[PDB]
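Engineer: Handing you this structure, nothing more for now.
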Amino acid sequence: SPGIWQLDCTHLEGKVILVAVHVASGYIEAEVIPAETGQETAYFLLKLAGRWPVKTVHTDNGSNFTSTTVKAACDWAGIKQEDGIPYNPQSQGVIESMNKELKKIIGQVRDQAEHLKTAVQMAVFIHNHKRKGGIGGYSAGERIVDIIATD
Amino acid sequence: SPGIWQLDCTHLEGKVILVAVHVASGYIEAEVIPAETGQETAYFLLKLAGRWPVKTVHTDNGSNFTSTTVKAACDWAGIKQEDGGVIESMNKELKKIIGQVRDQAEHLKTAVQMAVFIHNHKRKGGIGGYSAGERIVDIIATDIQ
């Protein structure tokens, strides 16, 4: 489905990073958050939901996703929350170990950023622009818009 | 025109909101930021450029839009900065929707995202219309084709 996203929370350098993956394309967004709280998790979800037509989230069942505040945000936004449904992209080319991918790219750009939060965004950018399937292929960023475009 | 955005700040409830408009579509992104600063602008632009193919940003050239960190982020992302009333009209529209939905969240920052959601997903017109979110994606997907 075009409306399905995988959400997880990971950590790096002792900081909290929320990650959203559009399962059909491999497109990601990610951000460092100050604390792993329901409110921060709800805010992130709400931002995501206003960008894209988000219908279903699969989560890692981390405690943050079990906050009432997250359920309220999903209810408001008309998102079906599905905790504990594993990430196992079926599309050819969609990377299966995404927190690992993201962290590998962060290491490739970290020395350009005074603070990790900036490095995370540079890494998201690189991930989304990477061409998959050879020189004739497409990036995740191209595939998400192709998939989600209605007309 | 698929790569052209306008970016400004607007003020509500003693807080700063940083607003971006994709001119061709009317799609918006916006967030409460803690202060009207160059570091916040650069961070927002890097996030924007990882999502959409941003080629040109037009701003009012306040200091928070022209710092050396904003330039470094724009250069890295491939964004051309220009000195460029679509965003002014959108500041007012965004504030109007925030007012209309304000009772559904305690914190302004939440209400701002609710307003962005409503603005981006509301179908314009009748049967046959599109939302702004659908327009931006159709424009970009068409441009890649």
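Ligands are numbered from 1 in the order shown, residues from 1 within each chain, and chains are lettered A, B, ... in the order they appear in the structure tokens.
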Taking 2 positions as the minimum chain separation for residues in the same chain, which residues sit within 10 Å of residue 108 of chain B when counting only C-alpha atoms? Answer as a PyMOL selection string.

Structural biologist: chain B and resi 12-13+15+17+31-32+98+102-103+105-106+110-114

Engineer: Tell me, as a ChimeraX atom specification, which residues lie within 10 Å of residue 85 of chain A, counting only C-alpha atoms; anything in the same chain fewer than 3 positions away does not count.

Structural biologist: /A:6,57-61,81-82,88

Engineer: Please write the residues from the selection above to a file, keeping C-alpha atoms, as a PDB file, in the first residue's frame.

Structural biologist:
```pdb
ATOM      1  CA  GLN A   6       7.326   2.072   9.339  1.00  0.00           C
ATOM      2  CA  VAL A  57       1.913   3.106  10.673  1.00  0.00           C
ATOM      3  CA  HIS A  58       3.769   0.003  11.640  1.00  0.00           C
ATOM      4  CA  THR A  59       5.881   0.538  14.748  1.00  0.00           C
ATOM      5  CA  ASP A  60       8.552  -1.180  16.611  1.00  0.00           C
ATOM      6  CA  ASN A  61       6.287  -1.315  19.716  1.00  0.00           C
ATOM      7  CA  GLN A  81      -1.428   2.292  14.325  1.00  0.00           C
ATOM      8  CA  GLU A  82      -0.101  -1.216  14.109  1.00  0.00           C
ATOM      9  CA  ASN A  88      10.050  -6.515   5.670  1.00  0.00           C
TER      10      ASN A  88
END
```

Engineer: Find, counting only C-alpha atoms, the residue in A:44, A:5, A:27, A:87 that gets nearest to residue 126 of chain A.

Structural biologist: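 Closest residue, counting only C-alpha atoms: A:27.
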
Engineer: For residue 47 of chain B, which residue out of A:73, A:17, A:119, A:42 is the nearest one, using only C-alpha atoms?

Structural biologist: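 Using only C-alpha atoms, the shortest distance to residue 47 of chain B belongs to A:119.
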
Engineer: Show me which bits of chain A are within 10 Å of chain B, counting only C-alpha atoms, as a PyMOL selection string.

Structural biologist: chain A and resi 27-31+39+42-53+73+76-77+113+117-129+138+141-151

Engineer: Atom CA of residue 69 of chain B and atom CA of residue 8 of chain B, how far apart in Å?

Structural biologist: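 It comes out at 17.0 Å.
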
Engineer: From the list B:35, B:79, B:127, B:19, which residue is nearest residue 95 of chain B when using only C-alpha atoms?

Structural biologist: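 Looking at the shortest contact to residue 95 of chain B, the residue is B:19.
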
Engineer: Hey, what does DSSP flag as strand (DSSP E) within segment 56-85 of chain A? Can you give it to me as an NGL selection string?

Structural biologist: :A and (56-59 or 80-83)

Engineer: Emit the selected residues as a compact mmCIF listing (two decimals), in the first residue's frame, including N, CA, C and O atoms.

Structural biologist:
```txt
# COMPACT_ATOMS: atom_id res chain seq x y z
N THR A 56 -1.46 4.21 7.50
CA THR A 56 -1.08 3.16 8.41
C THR A 56 0.33 3.31 8.85
O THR A 56 1.22 3.53 8.01
N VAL A 57 0.57 3.20 10.16
CA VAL A 57 1.91 3.11 10.67
C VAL A 57 2.13 1.74 11.29
O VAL A 57 1.23 1.19 11.99
N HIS A 58 3.24 1.14 10.96
CA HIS A 58 3.77 0.00 11.64
C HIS A 58 4.84 0.49 12.57
O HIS A 58 5.70 1.24 12.16
N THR A 59 4.88 0.10 13.79
CA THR A 59 5.88 0.54 14.75
C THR A 59 6.62 -0.61 15.27
O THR A 59 6.25 -1.78 15.17
N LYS A 80 -4.12 4.44 11.18
CA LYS A 80 -4.25 3.16 11.86
C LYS A 80 -2.81 2.77 12.36
O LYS A 80 -1.87 2.63 11.60
N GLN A 81 -2.67 2.63 13.67
CA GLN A 81 -1.43 2.29 14.32
C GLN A 81 -1.40 0.79 14.51
O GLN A 81 -2.27 0.17 15.15
N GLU A 82 -0.32 0.19 14.06
CA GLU A 82 -0.10 -1.22 14.11
C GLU A 82 1.24 -1.54 14.75
O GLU A 82 2.29 -1.54 14.07
N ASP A 83 1.24 -1.74 16.05
CA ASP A 83 2.47 -1.92 16.79
C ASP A 83 2.99 -3.35 16.66
O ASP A 83 2.25 -4.32 16.78
```
